[PDB]
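S.K.: Below is the structure I would like to discuss, written out as structure tokens.
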Amino acid sequence: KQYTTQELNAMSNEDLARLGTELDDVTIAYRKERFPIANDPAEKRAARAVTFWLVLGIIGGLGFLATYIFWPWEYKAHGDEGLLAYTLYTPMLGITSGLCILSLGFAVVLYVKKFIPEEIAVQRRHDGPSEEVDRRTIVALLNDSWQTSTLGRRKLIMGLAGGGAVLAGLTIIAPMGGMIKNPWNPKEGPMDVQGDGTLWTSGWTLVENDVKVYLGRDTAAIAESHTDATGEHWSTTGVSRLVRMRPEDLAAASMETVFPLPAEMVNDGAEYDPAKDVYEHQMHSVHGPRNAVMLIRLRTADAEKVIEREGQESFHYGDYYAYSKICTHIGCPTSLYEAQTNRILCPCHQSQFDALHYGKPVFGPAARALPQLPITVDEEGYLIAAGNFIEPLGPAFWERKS
Amino acid sequence: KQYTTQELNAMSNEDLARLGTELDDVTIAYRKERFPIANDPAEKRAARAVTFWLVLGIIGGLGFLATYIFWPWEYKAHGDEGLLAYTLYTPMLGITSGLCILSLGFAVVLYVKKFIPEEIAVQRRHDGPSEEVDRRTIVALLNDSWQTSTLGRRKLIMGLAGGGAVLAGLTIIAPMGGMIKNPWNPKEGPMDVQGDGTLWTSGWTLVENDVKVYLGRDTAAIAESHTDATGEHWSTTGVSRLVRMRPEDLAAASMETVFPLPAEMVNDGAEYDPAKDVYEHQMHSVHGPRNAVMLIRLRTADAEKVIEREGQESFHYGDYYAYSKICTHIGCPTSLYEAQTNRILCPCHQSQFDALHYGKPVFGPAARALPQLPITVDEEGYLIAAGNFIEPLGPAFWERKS
Amino acid sequence: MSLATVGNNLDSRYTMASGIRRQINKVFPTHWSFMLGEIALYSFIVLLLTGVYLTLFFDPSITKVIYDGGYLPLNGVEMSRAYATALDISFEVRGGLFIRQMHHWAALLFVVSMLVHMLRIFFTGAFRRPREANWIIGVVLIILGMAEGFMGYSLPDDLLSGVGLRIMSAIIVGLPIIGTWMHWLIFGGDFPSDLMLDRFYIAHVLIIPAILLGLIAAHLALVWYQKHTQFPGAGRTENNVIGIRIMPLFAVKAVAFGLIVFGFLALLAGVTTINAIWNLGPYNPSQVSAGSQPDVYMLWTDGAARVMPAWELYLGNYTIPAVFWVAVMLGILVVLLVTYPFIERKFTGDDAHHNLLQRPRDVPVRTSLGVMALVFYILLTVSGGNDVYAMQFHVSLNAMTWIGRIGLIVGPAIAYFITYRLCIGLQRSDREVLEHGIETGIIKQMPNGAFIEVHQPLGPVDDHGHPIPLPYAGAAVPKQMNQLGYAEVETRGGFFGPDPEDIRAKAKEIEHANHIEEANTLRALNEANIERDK
Amino acid sequence: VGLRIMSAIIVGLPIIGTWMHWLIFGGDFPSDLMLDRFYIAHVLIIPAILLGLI
Ligand code: HEM
Ligand code: HEM
Ligand code: FES
Ligand code: FES
């Protein structure tokens with residue numbers, strides 16, 4: 001212990017390494033050179049094995065840079081020449097990138113395996129309960145600080161200061177109350193084609209003796225491009241995504257998703273104005289969370305054996321029934337109408353609703369029947385919602401009655 | 001050293017505190033209680049002083065919670081009753097919030113000042129050059145690891161592995177080349193009212209023997225609300241922000257900012273269709289980075305002493321001159337037209353351009369004259385751009401000639 | 001060289017000579033298990049960096065635009081700004097697709113690496129005292145890593161992500177007092193909400209990465225402080241570590257395995273497509289696909305919702321939906337995992353300071369419970385994926401749901417039974433070797449005609465000519481003769497020819513001398529342990 | 001206006017100004033990717049570096 005500089009100047013380097021290891025309680029109990037023999041061919045073999053992967057990594061990385069820079073990379077349609085290069089751009093560059101990094105790693109692994117010595121280092125642990133001095137004086141210091149400070153004698157100061165502490169926490173926490181909102185406010189608007197925010201409403205609520213609301217089918221229309229000397233720009237002024245429908249457009253055993261389409265935002269048929277931009281509102285009605293309804297036309301043979309729900313007697317209009325597309329379990333669109341078994345199916349968790357037994361569940365997690373929409377033809381022969389849903393559609397929440 | 005448990009069981013708590021401090025080379029050279037006397041009134045005074053700020057902090061924090069929760073907080077216009085509460089909401093809550101936290105801090109400061117003992121702790125340093133053993137064996141270990149590993153004898157492996165390392169770095173860095181873009185590409189469009197992206201172009205480039213482009217004034221029109229049973233929504237179908245102008249609308253010594261207005265996107269005057277939505281393109285032309293130009297009508301007395309720039313002889317149209325509004329220093333809008341001194345001024349760094357000396361700079365960082373736009377009246381009596389800028393407008397860049 | 005000057009200048013100021021010496025000399029064991037965790041760490045590194053590259057292009061906004069980018073098959077389609085910018089990453093940025101796929105594959109590798117690392121910790125018993133804190137930290141990490149990854153793939157606002165977002169919102173609203181309030185708090189309103197994607201974006205890029213980074217830093221720091229556990233073996237005790245020092249021979253291997261994982265990710269990121277959003281279309285709440293499951297690490301919590309038998313309560317003006325019970329079940333499942341070492345304590349009846357690991361065969365109850373939980377989790381996973389499973393392997397979809405339901409009871413029991421008996425059989429084989437020696441497989445006939453198999457003893461032999469049994473020690477017992485060296489090559493050289501004979505003989509002599517020297521040092525170390533234990 | 005000043009200073013550098021500007025902003029100013037690059041630089045990158053250095 002306490003080595004002078006003279007002895008360290010008299011000590012050999014391997015002995016100094018032993019001293020350094022021993023100072024940290026680690027003993028190198030075994031250490032042997034990999035290639036002791038001088039002219040050993042095995043060293044040549046190891047060098048070749050390492051350099052092979054090294055040159056593979058070099059060419060892999062150069063190939064990456066070449067592929068990244070020069071390989072064609074822009075999009076090509078199905079019918080385009082040069083589709084092959086585009087569909088190999090990312091695969092080729094990633095192939096060679098991974099080859100570069102993987103081969104560099106392999107080279108380093110082989111170098112440590114074949115060249116660096118084997119080792120068995122043994123190190124003692126210093127863990128478990130602390131030595132009795134340190135752990136007895138550390139409680140002495142803490143108690144001494146706590147008692148030379150006189151907090152433990154003063155109850156009023158401690159109580160008031162704890163009050164101030166909880167008050168500081170609470171005021172640091174009340175701006176976090178900016179996020180808190182009442183779920184049952186109508187979000188300050190008369191009513192929209194998406195309702196008034198609250199879970200009690202939808203677009204079809206506009207039919208509560210206010211507005212004429214058609215059943216609008218989705219035409220999936222994109223915006224249309226227009227280009228001239230001023231430049232290419234996209235227009236939705238002459239198109240409409242939602243469109244009205246007559247009762248002779250479905251065949252028997254057929255389905256169509258319809259959305260609420262107020263009379264004001266209709267630009268089809270005889271009323272079609274080529275310069276009326278209704279696309280934004282119609283798309284704003286499509287994207288309502290809870291207003292897509294499956295309109296189902298049944299066969300006559302299957303419409304005989306329908307069971308009506310108490311209170312929903314007159315909602316159908318002949319063969320036509322109209323259920324809500326939003327599943328009553330967790331709210332995925334149901335959308336899988338089996339045309340023969342007459343079971344509306346939800347793909348998310350495999351709920352099955354009997355379309356003939358007023359949409360009552362028959363399989364899966366769902367416990368509650370799909371709500372039904374009353375429908376009727378208008379004066380002109382399109383289909384309209386003859387009323388509002390009588391039951392809150394969508395998933396159940398805590399305060400929903402039944 | 002190496003204290004047994006028996007002695008520690010025989011050692012007093014203050015002595016244990018001394019031992020703990022001494023084990024870390026810290027000596028408490030002075031420590032005296034604040035109130036030694038038993039019935040001392042000063043302790044009562046200190047307790048009162050602390051508790052005063054504590055109760056102030058309690059009421060401050062309770063007042064914060066009350067103000068945050070109950071104080072009216074929603075916006076009130078100038079003419080509204082209850083504007084006072086809204087304009088004191090944030091100030092009141094912040095006042096009392098700060099009072100709470102500040103008084104809690106003051107209470108803690110006073111408690112440490114008047115009650116906790118005074119202290120003079122002295123601690124020795126252990127820094128500067130390391131002890132000769134540790135610092136000589138740490139170089140022994142490193143050299144031993146470096147030489148028992150044989151890298152320093154193998155040049156080819158080291159060179160190839162350094163190549164692989166730089167290759168790995170470079171391929172990890174080439175996807176960072178997704179951001180790199182050529183500044184001089186035309187961004188794949190014929191041409192817009194904002195140009196083709198490159199710094200050589202603007203909206204007025206459309207006048208390069210392609211398009212008729214009026215000088216459009218900004219009417220600052222907002223969108224207009226429309227509400228009915230379907231709900232309130234905003235419309236720009238019947239309005240236009242950019243508007244054409246006849247030469248009798250400015251008076252002498254007057255200014256107006258005009259933008260490029262292609263003939264296609266004009267919905268004013270006799271051509272006004274109430275159901276043509278041109279607002280988006282016009283606003284898309286207003287927001288072009290480099291296409292706002294100051295149209296200046298001078299006095300006749302001041303139009304006598306104009307100096308024309310070589311090549312810009314016929315750009316004016318009578319009293320009317322039209323310079324680019326973008327400063328030639330760093331590109332702030334100049335916009336400060338002094339009507340008598342006839343100096344266009346830039347507020348950002350105080351450049352002054354002589355409107356009579358072809359917009360040449362006269363003060364400030366600017367070194368280059370404002371480019372000028374040629375203008376002329378059309379067949380109908382509005383003002384139109386009679387050509388394109390002959391000089392790249394905006395701030396200078398490295399490859400800009402002059 | 002000037003390197004000495006740099007080192008001098010450093011240490012004359014910071015005096016690090018004592019400390020860095022102690023750091024480089026720390027010893028780490030070399031088992032193959034003991035770098036599974038490193039895989040997760042490397043994946044996390046890649047997750048960070050590739051994520052930072054994706055943020056220079058992604059725009060987390062739910063407001064719409066008419067698409068006009070490079071992907072022609074969606075020109076004119078009105079889509080969210082999130083979806084449009086994800087498409088621009090995929091098509092308009094050189095190599096952005098490569099990066100996006102690497103980020104996703106890194107997420108999957110990260111989660112599965114955490115899972116397998118945790119399985120190692122559970123089976124080997126490394127969670128025991130004093131290291132249970134690392135368990136409590138680690139379980140939190142493997143929860144948050146999933147929570148992040150879920151909202152990570154929710155951001156693009158494509159059709160397959162928004163259905164999972166819909167599911168999350170609809171589960172939150174169903175909670176039996178605060179569900180509506182908690183939903184309005186989290187989303188800022190009804191779903192979909194304007195502030196939704198920006199709250200999730202900042203939660204994904206800043207909050208949960210910051211927490212994961214802090215917890216991982218604390219985790220690795222704790223593992224370094226109290227040194228790594230080890231398996232029982234020659235010369236190993238509860239009070240020492242046997243392995244290699246952290247440099248040169250361990251740090252280089254850590255770098256090399258980092259390189260291997262990194263390059264593996266860069267390969268599989270360019271060669272396999274993942275989450276091809278461009279053919280899913282933008283989200284709108286009226287549309288859904290048959291196969292619309294969440295990410296793989298979320299399939300368990302999907303499968304729970306698939307197997308719950310629709311039990312729903314109605315109480316006058318209130319209702320508890322049927323999805324509250326899966327919340328309770330999954331919470332119980334998470335609680336059990338979080339609090340495991342203490343329910344291990346209360347029934348195992350010990351609180352000792354273990355530093356040596358248990359082989360999983362020697363602890364049949366815990367390993368049987370682990371395989372039981374594995375089959376439970378796997379049944380939850382495949383029930384989550386049963387829509388695809390029934391479509392591909394042609395088993396009826398109802399039959400798959402009922403397989404999930406009845407299997408989550410029955411299959412765990414079968415797993416426990418089989419696992420327990422197999423573990424007992426394994427340790428019986430170990431004892432059989434230790435009391436009779438290795439069965440070479442050499443069969444010889446005696447003059448009496450008796451067929452005997454020569455057994456090769458490990459310990460000494462009694463004067464009757466048969467081994468004396470050794471006490472089992474928890475270290476692996478060799479079971480064949482090729483694991484004692486008896487099949488090693490006698491020839492030396494490369495392919496196509498030998499080394500010269502002098503080199504051959506001298507090299508083999510040195511090899512055998514080292515083989516006896518290491519045996520001698522381990523034997524002496526073990527005898528020193530015996531003496532030092534008394 | 002401060003953003004305008006920064007962009008106009010970057011573009012003026014005597015070899016790489018235009019290239020550095022197109023790299024940083026993703027194009028001409030104002031650019032679609034501008035505010036998101038600055039947002040992530042403000043909320044994640046520079047706070048992370050400041051926290052590490054502190
Ligand atoms: C991203 C998450 C994680 C990272 C980066 C990580 C990293 C590591 C590393 C590198 C080690 C040492 C080497 C090794 O054991 O292979 C380790 C050990 C350990 N890990 Fe993890 N781990 C993670 C998650 C977990 C989880 C999920 C658990 C358990 C629930 C856990 C518990 C432990 C424990 C207790 C140890 C020490 C065991 C011993 O010393 O033998 N960690 N961890
Ligand atoms: C610095 C931390 C991170 C940042 C900045 C980041 C950034 C991003 C961004 C911007 C996206 C959406 C853009 C896109 O689709 O390309 C994304 C997606 C994703 N993130 Fe992260 N991320 C981080 C960490 C993580 C972590 C730790 C995980 C896993 C636990 C993860 C898993 C995912 C996944 C799975 C996706 C979806 C990828 C896709 O759909 O293409 N991310 N990330
Ligand atoms: S969302 Fe329909 S069964 Fe769950
Ligand atoms: S921007 Fe005009 S003087 Fe600088």
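We label chains A, B, ... in the order they appear in the structure tokens, count residues from 1 in each chain, and number ligands from 1 in the order shown.
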Could you please extract the residues within 7 Å of ligand 3, counting only C-alpha atoms and all ligand atoms, and hand them back as a count of residues only?

M.R.: 16

S.K.: Among range 172-329 of chain C, which residues does DSSP mark as alpha helix (DSSP H) when it is run on the backbone? Keep the chain and numbering as in the structure and answer as a PyMOL selection string.

M.R.: chain C and resi 172+179-187+196-202+208-225+251-271+299-307+324-329

S.K.: For chain B, list the residues within 6 Å of chain D, counting only C-alpha atoms, and write the list as a list in words.

M.R.: residues 179, 180, 330, 397 and 398 of chain B

S.K.: Include C-alpha atoms and write out the residues we just selected as a PDB file, in the first residue's frame.

M.R.:
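The resulting file, selection_9.pdb, is shown below:
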ATOM      1  CA  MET B 179     -33.434  17.090 -47.671  1.00  0.00           C
ATOM      2  CA  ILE B 180     -30.976  18.238 -50.348  1.00  0.00           C
ATOM      3  CA  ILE B 330     -32.984  41.623 -46.990  1.00  0.00           C
ATOM      4  CA  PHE B 397     -27.915  35.805 -53.849  1.00  0.00           C
ATOM      5  CA  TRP B 398     -24.503  34.512 -54.826  1.00  0.00           C
TER       6      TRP B 398
END

S.K.: Taking only C-alpha atoms and all ligand atoms into account, which residues are within 7 Å of ligand 2, as a PyMOL selection string?

M.R.: chain C and resi 44+47-49+51-52+54-55+58+86+89+100-101+103-104+107+110-111+145-146+148-150+152-153+155-156+204-206+209+275

S.K.: Output C-alpha atoms for every residue in the selection just made, as a short mmCIF file (atom, residue, chain, number, x, y, z; two decimals), in the first residue's frame.

M.R.:
data_model
loop_
_atom_site.label_atom_id
_atom_site.label_comp_id
_atom_site.auth_asym_id
_atom_site.auth_seq_id
_atom_site.Cartn_x
_atom_site.Cartn_y
_atom_site.Cartn_z
CA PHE C 44 -34.25 2.07 -29.18
CA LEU C 47 -35.96 4.25 -33.12
CA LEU C 48 -34.74 7.63 -31.89
CA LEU C 49 -32.58 8.54 -34.86
CA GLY C 51 -37.78 9.02 -35.88
CA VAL C 52 -35.92 12.32 -35.83
CA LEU C 54 -39.15 11.43 -40.09
CA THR C 55 -40.15 14.51 -38.23
CA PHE C 58 -44.35 14.78 -41.11
CA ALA C 86 -46.77 10.55 -44.82
CA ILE C 89 -42.29 10.88 -47.12
CA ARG C 100 -40.14 4.90 -42.61
CA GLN C 101 -40.00 1.14 -42.96
CA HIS C 103 -38.53 2.99 -38.11
CA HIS C 104 -41.46 0.56 -38.10
CA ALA C 107 -40.36 -0.67 -33.33
CA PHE C 110 -37.71 -3.23 -29.92
CA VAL C 111 -40.92 -4.63 -28.46
CA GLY C 145 -43.03 1.01 -25.31
CA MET C 146 -46.28 -0.53 -26.49
CA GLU C 148 -45.96 4.68 -27.65
CA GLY C 149 -45.79 2.28 -30.59
CA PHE C 150 -49.57 2.12 -30.80
CA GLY C 152 -46.88 5.88 -33.27
CA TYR C 153 -48.71 3.99 -35.98
CA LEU C 155 -50.37 9.21 -36.51
CA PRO C 156 -50.60 8.87 -40.36
CA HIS C 204 -45.19 10.21 -29.38
CA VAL C 205 -42.16 12.34 -30.26
CA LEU C 206 -41.43 14.14 -26.95
CA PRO C 209 -39.49 9.04 -25.64
CA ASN C 275 -47.57 -0.84 -43.30
#

S.K.: Could you build a table of the residues in chain C lying no more than 7 Å from ligand 1, giving for each the nearest pair of atoms and their separation in Å rounded to one decimal place, using only C-alpha atoms and all ligand atoms, ordered by chain and ascending residue number, as a tab-separated table?

M.R.:
residue	atom	partner	partner_atom_place_in_ligand_line	distance
C:33	CA	ligand 1	16 (O)	6.0
C:34	CA	ligand 1	16 (O)	3.4
C:35	CA	ligand 1	16 (O)	3.7
C:36	CA	ligand 1	16 (O)	4.6
C:37	CA	ligand 1	16 (O)	4.0
C:38	CA	ligand 1	10 (C)	4.4
C:40	CA	ligand 1	5 (C)	5.0
C:41	CA	ligand 1	5 (C)	4.0
C:44	CA	ligand 1	1 (C)	6.8
C:110	CA	ligand 1	1 (C)	7.0
C:114	CA	ligand 1	27 (C)	5.2
C:115	CA	ligand 1	27 (C)	6.5
C:117	CA	ligand 1	25 (C)	6.4
C:118	CA	ligand 1	29 (C)	4.4
C:121	CA	ligand 1	33 (C)	6.0
C:126	CA	ligand 1	38 (C)	4.8
C:127	CA	ligand 1	35 (C)	4.7
C:131	CA	ligand 1	35 (C)	5.3
C:132	CA	ligand 1	35 (C)	6.2
C:134	CA	ligand 1	35 (C)	4.5
C:135	CA	ligand 1	29 (C)	4.3
C:136	CA	ligand 1	30 (C)	6.5
C:138	CA	ligand 1	26 (C)	3.5
C:139	CA	ligand 1	30 (C)	4.1
C:141	CA	ligand 1	2 (C)	5.6
C:142	CA	ligand 1	27 (C)	5.1
C:216	CA	ligand 1	5 (C)	5.6
C:219	CA	ligand 1	43 (N)	6.7
C:220	CA	ligand 1	8 (C)	6.0
C:223	CA	ligand 1	37 (C)	5.5
C:227	CA	ligand 1	40 (O)	6.4
C:228	CA	ligand 1	40 (O)	3.8
C:229	CA	ligand 1	41 (O)	4.0
C:230	CA	ligand 1	41 (O)	6.6
